[PDB]
C-alpha cells in the first residue's frame, strides 16, 4: 500500500512548508479552547429552569470587550500571514541550475521530456534524489493539474502557457501522482508515478535509455505493432514530430498502465489493448478486439521487451 500524505518529507517542498503546521495547530487549539469552551460554559451555566419567568439582566454589550475580541484575532492573522509570506517566497524561489523537465498534459495522460538529455518518456517520471528539478508544465487541450503529494504541492497545466514548480526530491521511492483539475470523464484515471532513484542509479537509467535502441523481443510482435499501434505510439524514447499517444520505448520499465491506474502485467495489458474504454471512460484510444490471440500475445511480448535492463522500480518504498 502506498503511504500518500501531503506531510511526507519526500521533497524539499514538504520539508520547507512543514513549519506552518505547528503554528496552525497551536492557534486552532487555543481558539477552540476559548471560544468553544465559552459556548459550552454558556449552555451549562445559563440553561433555564422551566418554571423561571423572571427575565435575566438586559445588558446591551461591553465596548471594551469588543475591542479585545477584534484586536486579538487581528494579531493572530498578522502572525499567520507573516509566516505564510515567508514560506511562499521561499518555495517559489527559482533554483539556479536545476534539471529542466517538460511536463505536458493530455486527456487523459502525462508526457515527459528531458530537454538536456534528449529523452522522452510517459506517465512515469524518473528523477534523481538530491538533485533540484524544475518542472515546466503545460497542456495540449483542457486545464489539468500536476500533483505529487508525497513530494510537493500542485501546479495547473494551462493551454497556451507554461507554468513551473521547482523542488528537490530527497527520499527515493515510487510516488503516486494525480491530475488535480477536473478535465473530463477520466479525470480520476489521469494518474502517474514519480520514480525517485539515488542519483547514481538515475544517471544509469538515462544513459542506458539513450545508449541503444529499444530491443525487439518478438518480431511477429514488432510487425503487429507497426500495423496497429505505431501510428499513435513512438518507441524511440525521444520527441516525435507530432505527439499523439504516450511513448512506449520504455514500456517494460513502467510499473503501471493506463496513466497509472492499474499494474503493468501481461494480463492487464491484454485487457487494456482489447478495450481501453472499459478502464477509462472517454479514452481516446480504440480497442482491438479483432486481433488474433496469437498476435496479441506476440504483441505483448514485444511491448514488455521495450526497456532497459537492471532496474526494479516496483521494489522502491511506496509513497
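Residue numbers count along the first chain shown, from 1.
Comparing 121-129 with 90-98, the higher mean C-alpha B-factor in the PDB entry belongs to 90-98.
Here the stretch with the larger average CA B-factor, out of 264-272 and 28-36, is 28-36. In the deposited coordinates, the residue among 208, 239, 77, 194 with the greatest CA B-factor is 77. For residue 83, the recorded CA B-factor ranks within the middle third of the chain. Only modelled residues enter the ranking.
Among the modelled residues of the chain, residue 62 sits in the middle third by CA temperature factor in this PDB entry. When the modelled residues of the chain are ordered by their C-alpha B factor, residue 148 lands in the lowest third. The PDB entry assigns residue 253 a C-alpha temperature factor belonging to the lowest third of its chain's modelled residues. Among all modelled residues in this chain, the alpha-carbon of residue 172 has a temperature factor (C-alpha) in the highest third.
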